[PDB]
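Visitor:
Okay, structure coming up:
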């Protein structure tokens, strides 16, 4: 932070008659903070001189503090960690031929609010909450009897919405109120987070920032390869635990295609027959049973993703690797 | 170079085509490489992409349509993956297999790349000359205009071996036309000639000793006749892949050995196929594969369809910066074909990146001479038709260069150079042979 | 066999059994578009392989008088995979 020309860095080949090289001109701020204070991955931090009255309405977090100098923060030797609020996302899409736009029809959210990495996670943990939001893929109305049949067949809550926009508004509000620490899913990183972020952009969702932990009222100007940096910056605060990314693939060499069903079979020795859900089909606008089966497939995909995430020990292995390398946990998970 | 074909080397050449055209597009449109991304994977931001036009199925029908094309990406761009094209949002275009293209588009759902706009590859720069060189050429011509005659095979009909028309043409050029240079394309003794093909070669009473090989047939049938060309007329011999006298049946094709043809050094020059060369200031681009007949377009839009096919094909040749841009090569079903040596497709690119002033691509189609994008494209047609009737040949007359007449355009810069304006200065006549 | 495109726009649909079956249902009256999964069986009677292909449910009905063509299933479905399976 400098009063003027804060965005201008010193080139290494700066002309001078007393020196002929400069190191560290283009240092990243996180790298400087981590190097100087000897921070090694996620750990407890002792913070002195925290200002509890400086920050107003800047995050989705419960406590907001600040410090005037980085030397006030020192890492501690405590090995234990708090329980992590994990949230599993399963995204069902619809391919629009007109504009060639990928549209979201439903989300299933599975909540695990006491996931402790200090102790082994048990097999087939059940979520503390399970909810599914849906919108009609074709019309503005659903087939009749959907609510009662969903109550009678589907586990967890099911919420019906007239259109996509209110559906993502409810998704964002639920994300804010849940406040999860880790977002769990399959191929989220380069497919479904993209789809989700750009659908929040297209429908002008005002609370879109809740997918991370920072409060922004407007999108970056250049939103519209930089897309990856923008989404990763927006999601900051909630670790993305993707079981089919490079990190998840490196922990499951025994798969071949890393499809959700294949991962389920390989890691948990259980069989799930995948249904090829195509919401372009006209039957999903008047056949309630087909819609209920599709929602059930979304829900089971969500819990399968969560269970495979817990079984392959993705969080603990990535954490340990981060403490060993000294980088950020998110970089280990998604890099 | 021998007759070897290596799949890895051919694939390297095919990748390098896309990479070079990517760099050319980025330079021309002042775009950063971060703006270009992989079109085979789903992205919800509009991206720039460069690749090759290929059929969406490796085993494809002979006829393509605007709903059955793909884009093949380079090794770095898309790890060689091929993506189907969604061209419902593009009303006007013209593509062909092997064309390298640039797209601004969006792959939303993973299985289709939607092109929103086309990024036409810029036309190559034209050659330039200094004032001194143009004055030297002015002195060379002694005021008079430059005359160059171009002829193309076959030179004798399908049912005989008469070169009487060729002798008539030689006498005409010797005593009336008197050109400076004469460019003769192959084939000279076409190996697809049905009498040569079937072995129906008769005894020749006008030869003391009968030929024993097609090479000796050339030495006894053509070389006497070609020797009568006046020594003041320098002549250029450019082969075709069907020439029996050539032992290199692949395009690009090495030049003939003049000594083997027993032609005297005084005015006979053998040039490779393709070849690019200067006559005074004039830049010639000569290729002896029928690109005009072979390039088959997929087309949408009334505007482009209302255009002449030949102008579109010539613009395609200019944009692709290579005389035979189609790929895979055309085939004649097995009898003959393009005979592309893919490993050496580098040699068929425009020499130095300059667009030749006059480009000569002989075709089996009707003779034509046209100015496209300030380049004269000449097809002089076949010298003699199949039945033996008169064919055609083209005469090129170019006004002598003059810095004062204004038809040469000065190029701004510290070092003064002048753009040749051949299309302003050349008159092309297609004369019955 | 999944149809990537409309059957009427398929290059060389005369060689694909799935395209022939889809066009037969089209001419019959039933609707079929891109992405539709065609389940078929090659049947016995010279007719081409694609011409002898019929939809699965049609073959199940015994009164239709349709049976899987031995030659095709013994050559292209059983003979083809084993020769690579027991090549060494």
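Chains as they are written, first to last, in the deposited numbering: chain X, 453 to 676, 681 to 791; chain B, 248 to 580, 606 to 705; chain A, 1131 to 1175, 1186 to 1228. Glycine included, every Cβ here is placed at the ideal spot set by N, Cα and C.
1. Among 528(X), 667(X), 741(X), 644(X), which has the Cα closest to the Cα of residue 625(X)?
2. For the candidate residues 673(B), 559(B), 281(B), 439(B), whose alpha-carbon lies nearest to that of residue 540(B)?
3. Since residue 319(B) is in the beta strand (DSSP E), which residue starts that stretch and which ends it?
4. Enumerate in chain order the residues of its own chain whose CB-to-CB distance from residue 532(X) is below 8 Å, with the five nearest sequence positions on each side excluded.
5. Between residue 672(X) and the rest of its own chain, which residues show a CB-CB distance below 7 Å, the 5 nearest in sequence each way excluded?
6. Relative to the alpha-carbon of residue 536(B), which residue among 409(B), 400(B), 671(B), 672(B) has its alpha-carbon at the smallest distance?
7. To the nearest angstrom, how far is the alpha carbon of residue 725(X) from that of residue 548(B)?
8. So what does DSSP say about residue 626(B), is it helix, strand or coil?
9. Going by Cα to Cα distance, which pick from 1190(A), 1175(A), 1216(A) is closest to residue 1204(A)?
10. Entirely within the stretch 616-664 of chain X and at least 4 residues each: give me those alpha helix (DSSP H) ranges in chain order.
11. Starting from the beta carbon of residue 676(X), find every residue of chain B whose beta carbon is closer than 9 Å, and list them in chain order.
12. Which residue's Cα is closest to the Cα of residue 277(B): 303(B), 679(B), 368(B)?
13. Give me, in chain order, the residues of the same chain whose beta-carbon lies closer than 7 Å to that of residue 311(B); leave out the 5 immediate sequence neighbours on both sides.
14. Buried or exposed: residue 461(X), going by 16 or more other Cβ atoms within 10 Å of its Cβ?
15. For residue 273(B) and residue 371(B), I'd like the C-alpha separation in whole angstroms.
16. Would you tell me roughly how many angstroms separate the C-alpha atoms of residue 484(X) and residue 267(B), rounded to the nearest one?
17. Give me the DSSP bridge partner(s) of residue 631(B).
18. Which residues does DSSP list as the beta-bridge partners of residue 564(X)?
19. Given a cut-off of 8 Å on the beta-carbon distance, is the pair residue 470(B) and residue 509(B) in contact?
20. Can you tell me whether DSSP reads residue 497(B) as helix, strand or coil?
21. According to DSSP, is residue 704(X) helix, strand or coil?
22. Among 529(X), 498(X), 573(X), which has the Cα closest to the Cα of residue 535(X)?
23. From residue 660(B) to residue 451(B), what distance separates their C-alpha atoms?
24. Using 10 angstroms around the beta-carbon of residue 520(B), count the other beta-carbons present and answer buried if the total reaches 16, otherwise exposed.
25. Short of 7 Å in beta carbon distance, which residues of its chain neighbour residue 555(X), apart from the five on each side in sequence? Order them along the chain.
26. Between the Cα of residue 497(B) and the Cα atoms of 610(B), 511(B), 279(B), 512(B), which residue gives the shortest distance?
27. Whole angstroms is fine: what's the gap from residue 598(X)'s alpha carbon to residue 747(X)'s?
28. Can the beta-carbon of residue 666(B) be found less than 8 Å from the beta-carbon of residue 641(B)?
29. Just the C-alpha distance for residue 670(B) and residue 394(B), rounded to the nearest angstrom, thanks.
30. With a threshold of 8 Å between beta carbons, is residue 1141(A) in contact with chain B?
31. Is residue 774(X) near residue 703(X), with beta carbons less than 8 Å apart?
32. Between residue 1216(A) and chain B, is any beta-carbon pair separated by less than 8 Å?
33. Taking the C-alpha atoms as reference points, what is the distance between residue 635(B) and residue 656(B)?
34. Residue 557(B) and residue 518(B) - do their beta-carbons sit closer together than 8 Å?
35. Just to make sure I have the definition right: I need the residues of chain X whose C-beta is within less than 7 Å of the C-beta of residue 355(B). Which are they?
36. The stretch 332-364 of chain B: which residues have C-beta closer than 7 Å to a C-beta of chain X, in chain order?
Guide: By the coordinates alone:
1. Closest by alpha carbon: 667(X).
2. Nearest C-alpha to residue 540(B): 559(B).
3. Note, residue 319(B): beta strand (DSSP E), 316-319.
4. If we look at residue 532(X) and ignore the five residues flanking it on each side, its Cβ neighbours are 570.
5. Same-chain partners within the cutoff: 686.
6. Scanning 409(B), 400(B), 671(B), 672(B) for the CA closest to the CA of residue 536(B) turns up 400(B).
7. If I take the Cα positions, the gap works out to 56 Å.
8. In this structure, residue 626(B) counts as coil in the three-state DSSP scheme.
9. With distances taken between Cα atoms, residue 1204(A) lies closest to 1175(A).
10. Along the stretch 616-664 of chain X, the alpha helix (DSSP H) occurs as fully enclosed runs of 4 or more residues at 616-630, 645-654, listed in sequence order.
11. Correct list: 292, 293.
12. Considering only 303(B), 679(B), 368(B), the residue with the shortest C-alpha distance to residue 277(B) is 368(B).
13. So the list reads 302, 545, once near-sequence residues are dropped.
14. Classification of residue 461(X): exposed, given that the 10 Å Cβ count is below 16.
15. Rounded to the nearest angstrom, the two C-alpha atoms are 15 Å apart.
16. Distance between the alpha carbons of residue 484(X) and residue 267(B): 40 Å.
17. Bridge partners of residue 631(B): 532(B), 649(B).
18. Under DSSP, residue 564(X) forms a beta bridge with 538(X).
19. Contact: yes.
20. When secondary structure is reduced to three states using DSSP, residue 497(B) falls in the coil class, being assigned neither helix nor strand.
21. Of the three classes helix, strand and coil, the one that applies to residue 704(X) here is helix, per DSSP.
22. It is 573(X).
23. Between the alpha carbons of residue 660(B) and residue 451(B) lies a distance of about 19 Å.
24. Flag for residue 520(B) reads buried.
25. Short of 7 Å from the beta carbon of residue 555(X), and not among the five residues preceding or following it, lie these beta carbons of its own chain, in chain order: 545, 546, 548, 616, 651.
26. Comparing alpha carbon positions, the residue from 610(B), 511(B), 279(B), 512(B) closest to residue 497(B) is 610(B).
27. Going by the C-alpha atoms only, they are around 8 Å apart.
28. Their beta carbons are under 8 Å apart, which means residue 666(B) touches residue 641(B) by this criterion.
29. Roughly 7 Å between the two C-alpha positions.
30. Closer than 8 Å: yes.
31. Cβ atoms of residue 774(X) and residue 703(X): closer than 8 Å.
32. No, residue 1216(A) lies away from the interface with chain B (no Cβ there is under 8 Å from its Cβ).
33. Approximately 13 Å between the Cα atoms of the pair.
34. No. Outside cutoff.
35. Per Cβ cutoff of 7 Å: 552, 553, 554.
36. Result list: 333, 353, 355, 356, 359, 361.
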